[PDB]
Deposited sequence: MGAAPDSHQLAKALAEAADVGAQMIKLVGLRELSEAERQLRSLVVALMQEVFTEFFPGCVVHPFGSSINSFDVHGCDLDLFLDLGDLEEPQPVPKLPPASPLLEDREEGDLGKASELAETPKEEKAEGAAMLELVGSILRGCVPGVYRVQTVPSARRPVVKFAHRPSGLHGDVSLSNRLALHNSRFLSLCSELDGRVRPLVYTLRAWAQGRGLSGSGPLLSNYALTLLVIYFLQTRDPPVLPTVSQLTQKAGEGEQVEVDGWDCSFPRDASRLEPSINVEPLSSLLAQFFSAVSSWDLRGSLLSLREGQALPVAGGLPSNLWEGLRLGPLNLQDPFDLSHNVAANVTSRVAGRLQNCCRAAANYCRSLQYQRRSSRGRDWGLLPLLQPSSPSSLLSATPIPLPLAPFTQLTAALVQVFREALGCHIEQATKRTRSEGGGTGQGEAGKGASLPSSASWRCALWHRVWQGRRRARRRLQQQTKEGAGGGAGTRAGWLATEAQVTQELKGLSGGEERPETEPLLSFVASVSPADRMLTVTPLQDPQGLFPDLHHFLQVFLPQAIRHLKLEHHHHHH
């Protein structure tokens, strides 16, 4: 791993071979699946001991075909409004005590009622496995099955999802908190496949319409019905190779309008967010920087946790990735030993690149006035020489991002013993023809955020400038807001 993987990808044919080989290397072995099966069997044994006729249904990465080594094990246990929450939480505690004290080998048991879907986190010691026990999740089962079904519908699915998933892990786009879940990212890939001119994957509404007799199922008032086998469905007429689909992915999601669009896997289409339509229809839908609808529960934005910085970082990383995929280093292999194809995409991100990818949130203000105030801050309040979404090229011959404290103290003392822009500009000018550091500033139409990328950085001081800008620019615009 990280060594064997690198040479394995570098050694093999074209890009598609790299993606396929990646899937081959990361996926769970037979022994791993045997181990997981046995552990789930034990859990089943103890839960049967407590709950006669209860079924333990594995879901998520286990059954959705996107599994990798050491992945979580998601288990679903199948057996007034605040009273119902309290009842559910108590029940969850009961399951938690069953895990904690009964089933042999399991430790690290933490009940999490506060989560969206309440869950009991567990670790099984002898197998070295960990995961979540869920009481109510029946939608995850069917949508996981839906994911594996997608994998069966077209052979390019697993390679795309695996590669893009690893890439997202690399670019810091995926994880907990504000980031994207692997499920959300997966839904994005699938939606991308549905939106190709020839469709690579059918829309979920098409699967629902196809369905079958007795294959009808309704969970939590939503229609989860899809065909059980991929044989009853006609293949894709899309001839696009893996690499082209990867590049097209990056370019696509880089060019999309995320804020103003709710991406529907059901209709296989982009539904306009503004104004008010989908949130009025399904009534449970949270809207934000990135909106991606679950194929079954239509009141659930799977990306609803994604902050503007994360969406911005996503589209930036995707634009950069597209730029790379247009280079010859991507398409053509290497003679001897050099990194080609998937390798720079799976390689760790440069600190300057990692920083530049994630934009800087700015206070609310009209685009024109915001831009004017920005270039006014760079020009006036900093030593920046600037020149002509919006963008400006900026040059700094000075250390201006650092040394401001001492200079401000000196000025404070000089003034003591004998309005923001002009004063801070004086602070800057009191800090003191080849450019020391040159960088690009960019503002997107929606949401309005400043993106700072490097150009010429001989001494490698760019990240310091980036952090300093992260602190300085918002408060500058903040003070400029109060002059009106």
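S.K.: May I ask you to mark the stretches of the deposited sequence that the structure leaves without C-alpha coordinates?
M.R.: Residues missing from the model, as numbered along the full deposited sequence, span 1-5, 85-119, 429-453, 484-492, 507-516, 569-573.
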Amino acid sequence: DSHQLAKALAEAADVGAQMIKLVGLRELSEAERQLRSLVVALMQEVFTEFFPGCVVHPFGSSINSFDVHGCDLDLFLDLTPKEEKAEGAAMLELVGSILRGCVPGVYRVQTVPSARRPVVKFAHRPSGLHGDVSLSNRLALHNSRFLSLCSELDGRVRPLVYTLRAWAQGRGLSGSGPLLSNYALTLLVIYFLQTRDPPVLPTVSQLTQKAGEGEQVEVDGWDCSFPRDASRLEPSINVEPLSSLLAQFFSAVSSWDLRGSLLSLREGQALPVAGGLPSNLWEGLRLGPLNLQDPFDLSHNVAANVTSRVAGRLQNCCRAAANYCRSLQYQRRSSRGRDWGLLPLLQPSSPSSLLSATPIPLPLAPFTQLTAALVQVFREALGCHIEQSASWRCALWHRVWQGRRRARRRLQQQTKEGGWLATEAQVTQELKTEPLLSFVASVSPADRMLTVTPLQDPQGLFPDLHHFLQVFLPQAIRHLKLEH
From here on, numbers count along this sequence of modelled residues.
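S.K.: Quick one: say whether 448-456 or 49-57 has the higher mean Cα B-factor in the deposited entry.
M.R.: Higher mean C-alpha B-factor in the PDB entry: 448-456.
S.K.: Look over 86-94 and 146-154 in the entry and identify the one with the greater average Cα temperature factor.
M.R.: Higher of the two, by average CA B-factor, is 86-94.
S.K.: Out of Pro344, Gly128, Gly288, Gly275, which residue has the highest Cα temperature factor in the PDB record?
M.R.: Across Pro344, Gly128, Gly288, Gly275, the entry lists the biggest C-alpha B-factor for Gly275.
S.K.: Can you tell me which of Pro363, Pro199, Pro118, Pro348 has the maximum CA B-factor listed in the PDB entry?
M.R.: By C-alpha B-factor in the record, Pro348 ranks first.
S.K.: So where's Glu27 on the chain's Cα temperature factor ranking, which third?
M.R.: Tercile = lowest for this residue's CA B-factor.
S.K.: Sorting by Cα B-factor within the chain, modelled residues only, which third would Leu99 end up in: lowest, middle or highest?
M.R.: Ranked within chain, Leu99 CA B lands in the lowest tercile.
S.K.: Would you mind checking where the Cα B-factor of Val427 ranks among the modelled residues of its chain, as the lowest, middle or highest third?
M.R.: For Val427, whose C-alpha B-factor we compare with every modelled residue in the chain, the answer is the highest third.
S.K.: Which third, lowest, middle or highest, does the C-alpha temperature factor of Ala441 belong to within its own chain?
M.R.: According to the entry, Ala441 has a C-alpha B-factor in the chain's middle third.
S.K.: Using the B-factors in the PDB entry, rank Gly16's C-alpha atom against the chain and give the third, lowest, middle or highest.
M.R.: Its C-alpha B-factor belongs to the lowest third of this chain's values.
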